[PDB]
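Student: One structure, pasted below without further comment.
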Amino acid sequence: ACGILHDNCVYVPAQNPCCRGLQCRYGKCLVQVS
């Protein structure tokens, strides 16, 4: 259960719980796409 593009999360990259490619923003894990 890696943090997804709309999975509530905090900006702690050091221990990124998200799927590699997504980055936690204070609130939700942002899909680091542009």
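Order determines the names: the first chain of the structure tokens is A, the second B, and so forth; residues in each chain are numbered 1 upward, and ligands are numbered 1 upward as they are shown.
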Could you tell me, as a PyMOL selection string, which residues of chain A DSSP assigns to strand (DSSP E) when given the backbone?
Tutor: chain A and resi 22-25+28-31
Student: Could you name the residues that touch residue 24 (chain A) at 7 Å or less, counting only C-alpha atoms, but leaving out those on the same chain fewer than 4 positions away, as number ranges by chain?
Tutor: A: 9-13, 28-30
Student: Which polymer residues have any atom within 9 Å of an atom of residue 22 (chain A), counting only C-alpha atoms, with same-chain residues fewer than 5 positions away left out, as a PDB file with N, CA, C and O atoms, in the first residue's frame?
Tutor:
ATOM      1  N   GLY A   3       1.731   4.949  -1.010  1.00  0.00           N
ATOM      2  CA  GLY A   3       0.986   6.190  -1.126  1.00  0.00           C
ATOM      3  C   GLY A   3       0.743   6.576  -2.568  1.00  0.00           C
ATOM      4  O   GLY A   3       1.677   6.610  -3.373  1.00  0.00           O
ATOM      5  N   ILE A   4      -0.516   6.848  -2.886  1.00  0.00           N
ATOM      6  CA  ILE A   4      -0.931   7.132  -4.248  1.00  0.00           C
ATOM      7  C   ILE A   4      -1.313   8.580  -4.396  1.00  0.00           C
ATOM      8  O   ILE A   4      -1.386   9.411  -3.490  1.00  0.00           O
ATOM      9  N   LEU A   5      -1.621   8.886  -5.658  1.00  0.00           N
ATOM     10  CA  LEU A   5      -1.808  10.255  -6.162  1.00  0.00           C
ATOM     11  C   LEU A   5      -2.842  11.050  -5.394  1.00  0.00           C
ATOM     12  O   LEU A   5      -3.029  12.263  -5.509  1.00  0.00           O
ATOM     13  N   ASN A  16       9.518   7.978   2.374  1.00  0.00           N
ATOM     14  CA  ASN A  16       8.429   8.043   1.397  1.00  0.00           C
ATOM     15  C   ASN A  16       7.676   6.732   1.365  1.00  0.00           C
ATOM     16  O   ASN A  16       8.140   5.642   1.024  1.00  0.00           O
ATOM     17  N   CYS A  29      -0.382  12.627  -0.993  1.00  0.00           N
ATOM     18  CA  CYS A  29       0.738  12.239  -1.835  1.00  0.00           C
ATOM     19  C   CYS A  29       0.438  12.629  -3.256  1.00  0.00           C
ATOM     20  O   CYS A  29      -0.459  12.164  -3.958  1.00  0.00           O
ATOM     21  N   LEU A  30       1.240  13.574  -3.729  1.00  0.00           N
ATOM     22  CA  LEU A  30       1.067  14.132  -5.062  1.00  0.00           C
ATOM     23  C   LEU A  30       1.735  13.260  -6.083  1.00  0.00           C
ATOM     24  O   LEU A  30       2.854  12.742  -5.985  1.00  0.00           O
ATOM     25  N   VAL A  31       0.996  13.075  -7.166  1.00  0.00           N
ATOM     26  CA  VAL A  31       1.517  12.405  -8.342  1.00  0.00           C
ATOM     27  C   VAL A  31       2.426  13.367  -9.063  1.00  0.00           C
ATOM     28  O   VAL A  31       2.073  14.349  -9.721  1.00  0.00           O
ATOM     29  N   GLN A  32       3.715  13.088  -8.908  1.00  0.00           N
ATOM     30  CA  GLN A  32       4.757  13.974  -9.413  1.00  0.00           C
ATOM     31  C   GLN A  32       4.861  13.859 -10.913  1.00  0.00           C
ATOM     32  O   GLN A  32       5.811  13.389 -11.547  1.00  0.00           O
ATOM     33  N   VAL A  33       3.785  14.311 -11.543  1.00  0.00           N
ATOM     34  CA  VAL A  33       3.718  14.412 -12.994  1.00  0.00           C
ATOM     35  C   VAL A  33       3.390  15.828 -13.365  1.00  0.00           C
ATOM     36  O   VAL A  33       2.732  16.623 -12.685  1.00  0.00           O
TER      37      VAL A  33
END
